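Structure first, commentary second.
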Amino acid sequence: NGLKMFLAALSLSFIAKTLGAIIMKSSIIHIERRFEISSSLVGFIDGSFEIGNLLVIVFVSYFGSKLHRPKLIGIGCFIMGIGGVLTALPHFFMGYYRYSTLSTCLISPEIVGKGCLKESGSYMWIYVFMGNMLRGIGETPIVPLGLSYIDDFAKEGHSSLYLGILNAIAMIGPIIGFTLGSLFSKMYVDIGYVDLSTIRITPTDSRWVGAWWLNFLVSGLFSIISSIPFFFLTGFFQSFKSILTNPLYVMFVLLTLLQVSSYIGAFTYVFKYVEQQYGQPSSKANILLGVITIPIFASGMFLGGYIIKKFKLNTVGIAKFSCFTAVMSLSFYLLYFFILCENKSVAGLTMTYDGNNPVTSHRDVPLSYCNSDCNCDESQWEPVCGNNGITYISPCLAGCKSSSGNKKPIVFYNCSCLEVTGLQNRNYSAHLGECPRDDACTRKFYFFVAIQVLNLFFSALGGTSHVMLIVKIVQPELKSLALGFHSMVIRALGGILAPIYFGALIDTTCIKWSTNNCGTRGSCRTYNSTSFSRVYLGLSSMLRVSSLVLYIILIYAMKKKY
Ligand SMILES: *[C@@H]1O[C@H](CO)[C@@H](O[C@@H]2O[C@H](CO)[C@@H](O)[C@H](O)[C@H]2NC(C)=O)[C@H](O)[C@H]1NC(C)=O
Ligand SMILES: *[C@@H]1O[C@H](CO)[C@@H](O)[C@H](O)[C@H]1NC(C)=O
């Protein structure tokens with residue numbers, strides 16, 4: 001086996017690391033309710049893993065490479081597991097979680113105090129922050145160091161094949177993040193301690209929390225086990241300055257920073273896109289997309305390793321091949337622009353309550369007679385779809401005199417608004433929920449998903465290339481640093497900032513906002529279909545088009561150099 005042994009543990013540590021990222025995300029929403037921690041802190045808690053990993057990555061990489069490489073990664077894994085267990089710990093030392101609106105037509109400081117009053121000098125929130133961040137350090141030596149081992153110790157071109165195999169087997173991590181994470185979400189937090197016949201809260205219930213303790217246990221004990229095979233297996237400034245003074249490398253990391261930022265933004269906002277533009281709430285879509293996506297992405301990465309090795313591509317050749325994927329992954333995006341639908345008809349926001357006129361400003365659409373008398377709470381977002389094909393903000397704002405009730409039929413009757421002038425024979429009724437989007441888009445949505453899958457395959461076929469190219473354009477001794485600085489740049493400036501600035505441009509387009517407590521903009525009830533599609537796709541295509549321009553310069557630069 002030889003190197004294959006190291007490859008075997010490296011695959012195992014990749015599984016552990018990737019499982020670690022998804023498990024925290026799965027429990028991030030569940031953890032807030034039981035812990036009774038502030039949402040702000042909840043974010044700050046996620047910032048913890050980031051600071052761990054991001055803060056020490058540029059050090060572990062550079063310094064670690066001189067030291068024994070098969071042993072250090074092992075420690076990194078052992079740290080990952082310890083952090084996970086430690087994060088599970090509060091449950092061992094804490095107590096049992098003791099803890100309409102028909103809206104038809106008619107004639108936080110506490111939680112914070114709860115979080116703080118119970119502290120009694122030291123609250124449990126510090127344990128989660130002190131522990132999770134540990135996992136970040138555990139992730140630090142997996143990429144910049146382990147890859148620096150295989151790359152330096154491998155066949156002439158197999159490095160590509162091995163790197164493809166690792167990145168295709170690490171996709172089993174999510175696959176095991178969604179089989180147990182959802183399953184263990186179903187299990188109560190104090191399972192085994194309390195008799196589960198008395199717990200009233202249900203997995204669908206808001207009060208119910210997910211079992212964060214078992215969830216981190218599965219991850220910590222997996223990482224600790226994964227670390228067992230590894231054991232058996234003034235210069236800094238200058239290096240950082242030297243890699244940064246390399247013209248080809250800086251262009252390449254800038255290029256990758258821009259592309260990844262675009263891709264990360266696209267990956268995180270596809271679910272708002274599935275829901276807003278076409279109408280799939282994404283509950284069904286996420287499952288369907290996930291089932292198709294994981295095998296196809298893994299096949300894409302595997303083909304990437306195989307093509308590189310089989311064709312015996314050199315640095316310029318892989319640069320070109322990478323660009324080829326860059327052209328193939330952007331030509332597909334151009335097709336998204338053609339796919340856009342028209343806007344959803346929302347009374348009081350995009351159209352008048354009588355349905356006669358489009359509205360230019362969603363600020364202060366006057367009540368129409370049909371809704372003027374109703375003393376309605378304008379803020380409430382309880383959308384009901386009328387038989388006229390027009391959504392209404394609430395049953396009250398639709399003029400619905402009566403509603404069906406707590407019973408299953410969702411129809412609301414005698415709605416003053418939406419009455420079709422001239423056609424009084426037909427009687428009104430507004431089923432709950434937003435109106436479905438028109439069928440042209442529904443047919444189009446499948447095409448959108450198909451092209452998406454094609455783009456994901458054609459961007460995973462060049463996923464292996466991103467790391468493979470970096471090692472070749474950097475000096476044969478500062479390789480570990482390279483995969484560390486770059487791994488920082490992908491995450492610090494692009495992974496951390498992707499949702500923050502994509503979100504902002506997207507946020508401006510919202511027709512309506514949710515007034516959450518003091519905040520009047522807590523959420524967006526509905527994104528304008530035309531504006532959101534125009535900016536989200538535009539931003540993604542623009543960043544990607546800039547990337548192509550860099551590639552051309554990058555490829556021209558290597559061709560001139562060689
Ligand atoms: C819609 O409104 C009309 C007019 O208010 C309702 O008409 C009366 O409804 C009750 C029960 O049927 C009774 O007062 C009479 O049988 C109806 N005629 C009138 C005008 O008194 C009607 O029930 C409402 N529901 C609909 C039409 O779906
Ligand atoms: C409305 O009309 C339908 C027939 O189109 C009828 O079945 C239903 O009972 C009516 N409901 C009321 C009370 O308007």
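By convention in this document, the chains of the structure tokens carry letters A, B, ... by their order, each chain's residues are numbered from 1, and ligands are numbered from 1 in the order they are shown.
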Site check for ligand 1: residues at most 12 Å away, only C-alpha atoms and all ligand atoms, as a list in words:
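Using only C-alpha atoms and all ligand atoms, everything at most 12 Å from ligand 1 comes to residues 399, 400, 401, 402, 403, 404, 411, 412, 413, 414, 415, 416, 419, 424, 425, 426, 427, 428, 429 and 430 of chain A.
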Any chance you could export the current selection's N, CA, C and O atoms as a PDB file, in the first residue's frame?
ATOM      1  N   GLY A 399     -60.183  41.252   2.795  1.00  0.00           N
ATOM      2  CA  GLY A 399     -61.584  41.515   3.130  1.00  0.00           C
ATOM      3  C   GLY A 399     -62.386  40.260   3.489  1.00  0.00           C
ATOM      4  O   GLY A 399     -63.608  40.270   3.369  1.00  0.00           O
ATOM      5  N   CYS A 400     -61.709  39.187   3.887  1.00  0.00           N
ATOM      6  CA  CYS A 400     -62.416  37.939   4.179  1.00  0.00           C
ATOM      7  C   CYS A 400     -63.221  38.061   5.455  1.00  0.00           C
ATOM      8  O   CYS A 400     -62.662  38.159   6.536  1.00  0.00           O
ATOM      9  N   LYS A 401     -64.541  38.085   5.328  1.00  0.00           N
ATOM     10  CA  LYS A 401     -65.400  38.214   6.498  1.00  0.00           C
ATOM     11  C   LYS A 401     -65.252  37.026   7.434  1.00  0.00           C
ATOM     12  O   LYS A 401     -65.221  37.193   8.653  1.00  0.00           O
ATOM     13  N   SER A 402     -65.153  35.827   6.871  1.00  0.00           N
ATOM     14  CA  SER A 402     -65.063  34.626   7.695  1.00  0.00           C
ATOM     15  C   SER A 402     -63.962  33.695   7.225  1.00  0.00           C
ATOM     16  O   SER A 402     -63.540  33.768   6.077  1.00  0.00           O
ATOM     17  N   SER A 403     -63.473  32.839   8.115  1.00  0.00           N
ATOM     18  CA  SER A 403     -62.462  31.858   7.731  1.00  0.00           C
ATOM     19  C   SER A 403     -63.003  30.463   8.024  1.00  0.00           C
ATOM     20  O   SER A 403     -63.937  30.317   8.813  1.00  0.00           O
ATOM     21  N   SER A 404     -62.428  29.441   7.397  1.00  0.00           N
ATOM     22  CA  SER A 404     -62.906  28.077   7.598  1.00  0.00           C
ATOM     23  C   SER A 404     -62.749  27.619   9.041  1.00  0.00           C
ATOM     24  O   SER A 404     -63.654  26.995   9.596  1.00  0.00           O
ATOM     25  N   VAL A 411     -59.643  27.549   3.203  1.00  0.00           N
ATOM     26  CA  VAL A 411     -60.359  28.622   2.519  1.00  0.00           C
ATOM     27  C   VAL A 411     -60.904  29.693   3.452  1.00  0.00           C
ATOM     28  O   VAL A 411     -61.407  29.388   4.528  1.00  0.00           O
ATOM     29  N   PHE A 412     -60.815  30.952   3.040  1.00  0.00           N
ATOM     30  CA  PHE A 412     -61.376  32.037   3.838  1.00  0.00           C
ATOM     31  C   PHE A 412     -62.500  32.601   2.999  1.00  0.00           C
ATOM     32  O   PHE A 412     -62.286  32.919   1.839  1.00  0.00           O
ATOM     33  N   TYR A 413     -63.693  32.748   3.564  1.00  0.00           N
ATOM     34  CA  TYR A 413     -64.842  33.161   2.751  1.00  0.00           C
ATOM     35  C   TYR A 413     -65.273  34.626   2.742  1.00  0.00           C
ATOM     36  O   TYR A 413     -64.872  35.391   3.619  1.00  0.00           O
ATOM     37  N   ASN A 414     -66.079  35.011   1.747  1.00  0.00           N
ATOM     38  CA  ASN A 414     -66.612  36.371   1.646  1.00  0.00           C
ATOM     39  C   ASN A 414     -65.516  37.407   1.795  1.00  0.00           C
ATOM     40  O   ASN A 414     -65.571  38.258   2.683  1.00  0.00           O
ATOM     41  N   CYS A 415     -64.517  37.335   0.927  1.00  0.00           N
ATOM     42  CA  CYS A 415     -63.432  38.298   0.973  1.00  0.00           C
ATOM     43  C   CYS A 415     -63.807  39.511   0.145  1.00  0.00           C
ATOM     44  O   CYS A 415     -63.983  39.407  -1.068  1.00  0.00           O
ATOM     45  N   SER A 416     -63.933  40.665   0.791  1.00  0.00           N
ATOM     46  CA  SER A 416     -64.358  41.867   0.083  1.00  0.00           C
ATOM     47  C   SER A 416     -63.452  42.168  -1.097  1.00  0.00           C
ATOM     48  O   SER A 416     -63.928  42.456  -2.195  1.00  0.00           O
ATOM     49  N   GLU A 419     -62.889  40.681  -5.386  1.00  0.00           N
ATOM     50  CA  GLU A 419     -64.176  40.468  -6.040  1.00  0.00           C
ATOM     51  C   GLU A 419     -64.032  40.855  -7.497  1.00  0.00           C
ATOM     52  O   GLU A 419     -63.519  41.932  -7.801  1.00  0.00           O
ATOM     53  N   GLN A 424     -70.113  38.404 -10.585  1.00  0.00           N
ATOM     54  CA  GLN A 424     -70.527  38.200  -9.202  1.00  0.00           C
ATOM     55  C   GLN A 424     -71.115  36.810  -9.013  1.00  0.00           C
ATOM     56  O   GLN A 424     -71.270  36.345  -7.885  1.00  0.00           O
ATOM     57  N   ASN A 425     -71.439  36.144 -10.116  1.00  0.00           N
ATOM     58  CA  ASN A 425     -72.013  34.808 -10.032  1.00  0.00           C
ATOM     59  C   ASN A 425     -71.069  33.892  -9.279  1.00  0.00           C
ATOM     60  O   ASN A 425     -71.490  33.162  -8.382  1.00  0.00           O
ATOM     61  N   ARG A 426     -69.789  33.931  -9.633  1.00  0.00           N
ATOM     62  CA  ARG A 426     -68.806  33.129  -8.920  1.00  0.00           C
ATOM     63  C   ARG A 426     -68.601  33.711  -7.533  1.00  0.00           C
ATOM     64  O   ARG A 426     -68.542  34.930  -7.370  1.00  0.00           O
ATOM     65  N   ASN A 427     -68.496  32.847  -6.530  1.00  0.00           N
ATOM     66  CA  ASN A 427     -68.321  33.321  -5.159  1.00  0.00           C
ATOM     67  C   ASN A 427     -66.861  33.218  -4.712  1.00  0.00           C
ATOM     68  O   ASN A 427     -66.160  32.283  -5.099  1.00  0.00           O
ATOM     69  N   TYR A 428     -66.400  34.168  -3.903  1.00  0.00           N
ATOM     70  CA  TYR A 428     -64.978  34.206  -3.515  1.00  0.00           C
ATOM     71  C   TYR A 428     -64.520  33.245  -2.421  1.00  0.00           C
ATOM     72  O   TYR A 428     -65.343  32.707  -1.679  1.00  0.00           O
ATOM     73  N   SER A 429     -63.206  33.045  -2.318  1.00  0.00           N
ATOM     74  CA  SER A 429     -62.633  32.163  -1.300  1.00  0.00           C
ATOM     75  C   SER A 429     -61.126  32.200  -1.486  1.00  0.00           C
ATOM     76  O   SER A 429     -60.649  32.093  -2.616  1.00  0.00           O
ATOM     77  N   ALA A 430     -60.360  32.355  -0.409  1.00  0.00           N
ATOM     78  CA  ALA A 430     -58.919  32.499  -0.577  1.00  0.00           C
ATOM     79  C   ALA A 430     -58.173  31.422   0.194  1.00  0.00           C
ATOM     80  O   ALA A 430     -58.104  31.466   1.422  1.00  0.00           O
TER      81      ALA A 430
END
Give me the residues within 7 Å of region 545-553 of chain A as a PDB file with N, CA and C atoms, in the first residue's frame, counting only C-alpha atoms and dropping any in the same chain fewer than 3 places off.
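Printed below is around09.pdb as written:
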ATOM      1  N   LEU A 255      -7.758  35.501  -8.062  1.00  0.00           N
ATOM      2  CA  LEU A 255      -8.691  34.873  -8.988  1.00  0.00           C
ATOM      3  C   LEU A 255      -9.584  33.883  -8.266  1.00  0.00           C
ATOM      4  N   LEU A 258     -12.097  35.521  -5.947  1.00  0.00           N
ATOM      5  CA  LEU A 258     -13.274  36.002  -6.658  1.00  0.00           C
ATOM      6  C   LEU A 258     -14.197  34.880  -7.115  1.00  0.00           C
ATOM      7  N   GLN A 259     -13.657  33.814  -7.682  1.00  0.00           N
ATOM      8  CA  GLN A 259     -14.490  32.725  -8.143  1.00  0.00           C
ATOM      9  C   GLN A 259     -15.164  32.060  -6.989  1.00  0.00           C
ATOM     10  N   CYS A 323      -9.139  26.989 -16.968  1.00  0.00           N
ATOM     11  CA  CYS A 323      -9.855  28.059 -17.650  1.00  0.00           C
ATOM     12  C   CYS A 323     -11.022  27.483 -18.438  1.00  0.00           C
ATOM     13  N   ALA A 326     -13.638  27.162 -16.304  1.00  0.00           N
ATOM     14  CA  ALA A 326     -14.071  28.523 -16.015  1.00  0.00           C
ATOM     15  C   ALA A 326     -14.955  29.052 -17.144  1.00  0.00           C
ATOM     16  N   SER A 541     -22.411  36.598 -12.023  1.00  0.00           N
ATOM     17  CA  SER A 541     -21.818  36.568 -13.353  1.00  0.00           C
ATOM     18  C   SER A 541     -20.687  37.579 -13.485  1.00  0.00           C
ATOM     19  N   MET A 542     -20.841  38.738 -12.848  1.00  0.00           N
ATOM     20  CA  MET A 542     -19.829  39.789 -12.927  1.00  0.00           C
ATOM     21  C   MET A 542     -18.555  39.361 -12.225  1.00  0.00           C
ATOM     22  N   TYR A 556      -1.616  33.949 -19.950  1.00  0.00           N
ATOM     23  CA  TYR A 556      -0.632  34.681 -20.740  1.00  0.00           C
ATOM     24  C   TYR A 556       0.679  34.805 -19.973  1.00  0.00           C
ATOM     25  N   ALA A 557       0.595  35.077 -18.670  1.00  0.00           N
ATOM     26  CA  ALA A 557       1.798  35.228 -17.860  1.00  0.00           C
ATOM     27  C   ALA A 557       2.605  33.937 -17.811  1.00  0.00           C
TER      28      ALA A 557
END
Pick from A:322, A:528, A:375, A:523, whichever lies nearest to residue 276 (chain A) using only C-alpha atoms
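Closest to residue 276 (chain A), using only C-alpha atoms: A:528.
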Could you pull out all residues of region 183-430 of chain A with a DSSP call of strand (DSSP E) and give them as a ChimeraX atom specification?
/A:346-347,384-386,391-392,400-403,412-415,429-430
Any chance you can output those residues with N, CA and C atoms as a CSV table (one decimal), in the first residue's frame?
chain,number,residue,atom,x,y,z
A,346,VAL,N,-48.7,40.7,-5.5
A,346,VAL,CA,-49.0,40.8,-4.1
A,346,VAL,C,-49.7,42.2,-3.9
A,347,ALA,N,-51.0,42.1,-3.5
A,347,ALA,CA,-51.9,43.2,-3.2
A,347,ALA,C,-51.3,44.0,-2.0
A,384,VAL,N,-52.5,34.9,1.8
A,384,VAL,CA,-53.6,34.0,1.4
A,384,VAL,C,-53.7,34.2,-0.1
A,385,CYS,N,-53.9,33.1,-0.9
A,385,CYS,CA,-54.1,33.2,-2.3
A,385,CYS,C,-55.5,33.3,-2.8
A,386,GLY,N,-55.9,34.3,-3.5
A,386,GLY,CA,-57.3,34.4,-3.9
A,386,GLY,C,-57.5,33.7,-5.2
A,391,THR,N,-52.1,37.2,-4.6
A,391,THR,CA,-51.8,37.0,-3.2
A,391,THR,C,-52.2,38.2,-2.3
A,392,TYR,N,-52.6,37.9,-1.1
A,392,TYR,CA,-52.9,39.0,-0.2
A,392,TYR,C,-52.1,38.9,1.1
A,400,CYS,N,-61.7,39.2,3.9
A,400,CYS,CA,-62.4,37.9,4.2
A,400,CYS,C,-63.2,38.1,5.5
A,401,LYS,N,-64.5,38.1,5.3
A,401,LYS,CA,-65.4,38.2,6.5
A,401,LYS,C,-65.3,37.0,7.4
A,402,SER,N,-65.2,35.8,6.9
A,402,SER,CA,-65.1,34.6,7.7
A,402,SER,C,-64.0,33.7,7.2
A,403,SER,N,-63.5,32.8,8.1
A,403,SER,CA,-62.5,31.9,7.7
A,403,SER,C,-63.0,30.5,8.0
A,412,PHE,N,-60.8,31.0,3.0
A,412,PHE,CA,-61.4,32.0,3.8
A,412,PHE,C,-62.5,32.6,3.0
A,413,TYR,N,-63.7,32.7,3.6
A,413,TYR,CA,-64.8,33.2,2.8
A,413,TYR,C,-65.3,34.6,2.7
A,414,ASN,N,-66.1,35.0,1.7
A,414,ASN,CA,-66.6,36.4,1.6
A,414,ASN,C,-65.5,37.4,1.8
A,415,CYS,N,-64.5,37.3,0.9
A,415,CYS,CA,-63.4,38.3,1.0
A,415,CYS,C,-63.8,39.5,0.1
A,429,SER,N,-63.2,33.0,-2.3
A,429,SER,CA,-62.6,32.2,-1.3
A,429,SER,C,-61.1,32.2,-1.5
A,430,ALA,N,-60.4,32.4,-0.4
A,430,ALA,CA,-58.9,32.5,-0.6
A,430,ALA,C,-58.2,31.4,0.2
Would you kindly return, as a PyMOL selection string, each protein, DNA or RNA residue with an atom no farther than 8 Å from any atom of residue 555 (chain A), considering only C-alpha atoms and excluding same-chain residues fewer than 4 positions away?
chain A and resi 316+319-320+551+559
Extract the full set of alpha helix (DSSP H) residues from region 192-336 of chain A according to DSSP on the backbone, and format it as an MDAnalysis selection string.
chainID A and resid 212:226 228:232 235:245 247:273 283:311 315:336
Using Å and a single decimal, report how far CA of residue 405 (chain A) sits from CA of residue 106 (chain A).
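For CA of residue 106 (chain A) relative to CA of residue 405 (chain A), the distance reads 15.8 Å.
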Env of residue 3 (chain A): 10 Å cut, atoms = only C-alpha atoms, seq-sep filter 2 positions within chain, self excluded. Answer as a CSV table (one decimal) with C-alpha atoms, in the first residue's frame.
chain,number,residue,atom,x,y,z
A,1,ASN,CA,0.0,0.0,0.0
A,5,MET,CA,-2.0,4.1,4.0
A,6,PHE,CA,-1.5,7.8,4.6
A,7,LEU,CA,-4.2,8.3,1.9
A,8,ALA,CA,-6.5,6.1,3.9
A,149,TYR,CA,2.5,15.3,2.1
A,150,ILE,CA,0.8,13.5,-0.7
A,153,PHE,CA,5.3,12.0,-2.0
A,154,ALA,CA,3.4,10.7,-4.9
A,155,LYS,CA,3.7,9.5,-8.6
A,233,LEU,CA,2.3,6.6,10.0
Selected residue, from A:508, A:70, A:538, A:484, that lies nearest to residue 524 (chain A) when counting only C-alpha atoms:
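Under the stated criterion, the closest residue is A:508.
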Let me make sure I understand: among A:365, A:54, A:500, A:79, which one has the smallest atom-to-atom distance to residue 264 (chain A) if we use only C-alpha atoms?
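Answer, going by the shortest atom-to-atom distance: A:500.
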Point-to-point distance from CA of residue 431 (chain A) to CA of residue 366 (chain A), Å rounded to tenths
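Atom-to-atom, CA of residue 431 (chain A) to CA of residue 366 (chain A), that is 23.9 Å.
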Residues near residue 112 (chain A), anyone? I mean within 9 Å using only C-alpha atoms, not counting same-chain ones fewer than 6 positions away, as a list in words.
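My reading of the contact set: residues 36, 37 and 38 of chain A.
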